[PDB]
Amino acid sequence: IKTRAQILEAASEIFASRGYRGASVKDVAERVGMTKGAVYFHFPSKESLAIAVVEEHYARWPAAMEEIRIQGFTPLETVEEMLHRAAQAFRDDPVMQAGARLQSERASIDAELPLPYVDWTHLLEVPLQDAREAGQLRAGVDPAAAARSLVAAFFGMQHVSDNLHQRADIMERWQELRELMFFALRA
(Lines of atoms letter the chains of each structure in order from A and count residues from 1; the text may use other names and numbers.)
(Lines give C-alpha, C1' and ligand atoms only; values in the text may rest on other atoms or scores of the structure.)
Protein backbone atom coordinates (compact mmCIF):
# COMPACT_ATOMS: atom_id res chain seq x y z
CA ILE A 1 0.00 0.00 0.00
CA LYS A 2 1.00 3.63 -0.55
CA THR A 3 2.78 5.58 2.14
CA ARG A 4 2.21 9.15 3.28
CA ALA A 5 5.49 10.14 1.66
CA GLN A 6 4.37 8.62 -1.68
CA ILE A 7 1.08 10.51 -1.54
CA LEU A 8 2.95 13.69 -0.63
CA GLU A 9 5.34 13.23 -3.58
CA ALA A 10 2.44 12.82 -6.02
CA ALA A 11 0.68 15.79 -4.52
CA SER A 12 3.87 17.81 -4.85
CA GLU A 13 4.26 16.95 -8.49
CA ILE A 14 0.71 18.13 -9.19
CA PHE A 15 0.86 21.27 -7.08
CA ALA A 16 4.21 22.23 -8.64
CA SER A 17 2.87 21.87 -12.14
CA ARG A 18 -0.71 23.13 -11.67
CA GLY A 19 -0.78 25.28 -8.54
CA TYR A 20 -3.31 24.90 -5.77
CA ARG A 21 -6.45 25.87 -7.73
CA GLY A 22 -5.65 23.49 -10.60
CA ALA A 23 -4.68 20.58 -8.40
CA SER A 24 -7.37 18.18 -7.13
CA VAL A 25 -7.43 15.33 -4.64
CA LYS A 26 -8.99 13.25 -7.41
CA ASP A 27 -5.91 13.76 -9.56
CA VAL A 28 -3.50 13.05 -6.68
CA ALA A 29 -5.35 9.78 -5.92
CA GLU A 30 -5.17 8.76 -9.60
CA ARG A 31 -1.45 9.64 -9.83
CA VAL A 32 -0.54 7.74 -6.72
CA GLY A 33 -2.75 4.68 -7.35
CA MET A 34 -5.47 4.88 -4.75
CA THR A 35 -9.12 5.93 -4.24
CA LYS A 36 -9.94 9.46 -3.05
CA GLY A 37 -11.43 7.98 0.16
CA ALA A 38 -8.16 6.22 0.89
CA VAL A 39 -6.18 9.46 0.31
CA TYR A 40 -8.53 11.39 2.62
CA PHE A 41 -7.59 9.00 5.44
CA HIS A 42 -4.08 10.49 5.32
CA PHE A 43 -5.11 14.05 4.34
CA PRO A 44 -8.75 14.91 4.96
CA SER A 45 -8.87 17.82 2.52
CA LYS A 46 -6.96 19.50 -0.24
CA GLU A 47 -6.08 22.18 2.29
CA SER A 48 -4.46 19.73 4.73
CA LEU A 49 -2.58 18.18 1.79
CA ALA A 50 -1.21 21.58 0.81
CA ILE A 51 -0.24 22.28 4.43
CA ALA A 52 1.61 18.95 4.66
CA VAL A 53 3.59 19.67 1.46
CA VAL A 54 4.66 23.12 2.68
CA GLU A 55 5.51 21.85 6.17
CA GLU A 56 7.60 19.05 4.71
CA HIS A 57 9.62 21.35 2.45
CA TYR A 58 10.69 23.17 5.66
CA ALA A 59 10.95 20.33 8.15
CA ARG A 60 13.55 18.45 6.17
CA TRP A 61 16.32 21.04 6.70
CA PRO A 62 17.35 20.72 10.37
CA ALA A 63 18.53 17.14 9.67
CA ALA A 64 20.56 18.38 6.68
CA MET A 65 22.24 20.96 8.88
CA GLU A 66 23.09 18.26 11.40
CA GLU A 67 24.58 16.07 8.65
CA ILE A 68 26.82 18.99 7.61
CA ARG A 69 27.75 19.91 11.17
CA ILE A 70 29.01 16.51 12.14
CA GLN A 71 31.47 16.67 9.22
CA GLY A 72 33.23 19.57 10.84
CA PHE A 73 32.35 22.37 8.48
CA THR A 74 32.84 25.84 10.06
CA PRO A 75 29.79 27.88 11.04
CA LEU A 76 29.83 30.04 7.90
CA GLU A 77 30.62 27.04 5.58
CA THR A 78 27.59 25.29 7.14
CA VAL A 79 25.36 28.22 6.12
CA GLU A 80 26.92 28.19 2.63
CA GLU A 81 26.41 24.46 2.14
CA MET A 82 22.80 24.60 3.38
CA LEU A 83 21.96 27.23 0.78
CA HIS A 84 23.84 25.25 -1.92
CA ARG A 85 21.72 22.26 -1.06
CA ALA A 86 18.53 24.38 -1.05
CA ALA A 87 19.32 25.67 -4.53
CA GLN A 88 19.79 22.14 -5.91
CA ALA A 89 16.63 21.03 -4.13
CA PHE A 90 14.48 23.80 -5.60
CA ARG A 91 16.04 22.92 -8.95
CA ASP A 92 15.21 19.20 -8.73
CA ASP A 93 12.75 18.24 -6.01
CA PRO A 94 9.00 18.42 -6.50
CA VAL A 95 8.31 18.86 -2.77
CA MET A 96 10.45 22.02 -2.75
CA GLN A 97 8.98 23.32 -5.96
CA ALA A 98 5.47 22.70 -4.64
CA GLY A 99 6.23 24.25 -1.25
CA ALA A 100 7.44 27.40 -2.95
CA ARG A 101 4.56 27.55 -5.38
CA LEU A 102 1.95 27.08 -2.65
CA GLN A 103 3.61 29.87 -0.59
CA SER A 104 3.71 32.09 -3.72
CA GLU A 105 -0.03 31.63 -3.95
CA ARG A 106 -0.65 32.17 -0.23
CA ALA A 107 -2.71 35.40 -0.61
CA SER A 108 -5.29 33.46 -2.66
CA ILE A 109 -5.14 29.98 -1.09
CA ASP A 110 -7.77 29.66 1.60
CA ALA A 111 -5.64 27.37 3.81
CA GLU A 112 -3.65 28.11 7.00
CA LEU A 113 -0.12 27.48 5.54
CA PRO A 114 2.99 27.96 7.74
CA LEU A 115 4.46 31.47 7.74
CA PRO A 116 7.16 31.72 5.08
CA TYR A 117 10.82 32.66 5.69
CA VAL A 118 10.80 32.39 9.47
CA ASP A 119 11.87 28.71 9.69
CA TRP A 120 14.94 29.22 7.51
CA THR A 121 15.74 32.48 9.28
CA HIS A 122 15.69 30.74 12.67
CA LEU A 123 17.62 27.81 11.29
CA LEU A 124 20.53 29.89 9.91
CA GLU A 125 20.74 32.34 12.80
CA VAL A 126 22.32 29.65 15.03
CA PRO A 127 25.45 28.99 12.95
CA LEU A 128 25.66 32.67 12.20
CA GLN A 129 25.80 33.35 15.99
CA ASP A 130 28.58 30.82 16.26
CA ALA A 131 30.37 32.49 13.36
CA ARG A 132 30.19 35.82 15.20
CA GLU A 133 31.50 34.35 18.50
CA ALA A 134 34.20 32.52 16.59
CA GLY A 135 35.50 35.67 14.87
CA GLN A 136 34.51 34.36 11.44
CA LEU A 137 31.92 37.04 10.76
CA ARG A 138 32.97 40.62 9.84
CA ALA A 139 32.92 43.08 12.74
CA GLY A 140 29.61 44.76 13.27
CA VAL A 141 27.57 42.23 11.29
CA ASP A 142 24.53 41.19 13.33
CA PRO A 143 23.79 37.45 13.00
CA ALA A 144 19.97 37.93 13.06
CA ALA A 145 20.27 40.56 10.34
CA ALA A 146 22.56 38.34 8.27
CA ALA A 147 20.10 35.46 8.57
CA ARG A 148 17.22 37.66 7.40
CA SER A 149 19.26 39.12 4.53
CA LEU A 150 20.43 35.71 3.36
CA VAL A 151 16.95 34.18 3.42
CA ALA A 152 15.32 37.13 1.64
CA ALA A 153 18.09 37.35 -0.98
CA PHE A 154 18.10 33.60 -1.61
CA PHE A 155 14.32 33.61 -1.78
CA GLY A 156 14.39 36.37 -4.34
CA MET A 157 17.11 34.71 -6.44
CA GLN A 158 15.27 31.40 -6.63
CA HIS A 159 11.95 33.12 -7.37
CA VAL A 160 13.38 35.12 -10.20
CA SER A 161 14.98 31.97 -11.56
CA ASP A 162 11.67 30.13 -11.35
CA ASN A 163 9.61 32.92 -12.90
CA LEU A 164 11.92 33.59 -15.82
CA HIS A 165 13.68 30.30 -16.40
CA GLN A 166 11.91 27.53 -14.49
CA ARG A 167 14.98 27.40 -12.21
CA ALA A 168 17.20 26.06 -15.01
CA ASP A 169 19.90 28.69 -14.27
CA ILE A 170 19.48 28.68 -10.47
CA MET A 171 22.98 27.49 -9.63
CA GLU A 172 24.67 30.27 -11.64
CA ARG A 173 22.31 32.91 -10.27
CA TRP A 174 23.03 31.74 -6.71
CA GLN A 175 26.78 31.65 -7.31
CA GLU A 176 26.98 35.24 -8.41
CA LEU A 177 24.81 36.56 -5.57
CA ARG A 178 26.37 34.25 -2.88
CA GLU A 179 29.81 35.52 -3.89
CA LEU A 180 28.78 39.04 -2.93
CA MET A 181 26.90 38.08 0.24
CA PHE A 182 29.63 35.86 1.65
CA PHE A 183 32.35 38.36 0.68
CA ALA A 184 30.44 40.81 2.89
CA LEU A 185 29.93 38.32 5.76
CA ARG A 186 33.45 36.91 6.09
CA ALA A 187 35.94 38.47 8.42
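Sequential numbering from 1, following the sequence displayed.
Just going by the entry, 27-35 versus 40-48 on mean CA temperature factor gives the higher value to 27-35. Annotation for 151-159 versus 52-60: the higher mean temperature factor (C-alpha) is found in 52-60.
Among the modelled residues of its chain, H165 has a C-alpha B-factor that falls in the lowest third, as given in the PDB entry. Among all modelled residues in this chain, the alpha-carbon of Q71 has a temperature factor (C-alpha) in the highest third. When the CA B factors of the chain's modelled residues are split into thirds, the value for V141 lands in the highest one. In the deposited entry, the Cα temperature factor of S108 sits in the top third of values across the chain's modelled residues. Among all modelled residues in its chain, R178 ranks in the middle third by Cα B-factor.
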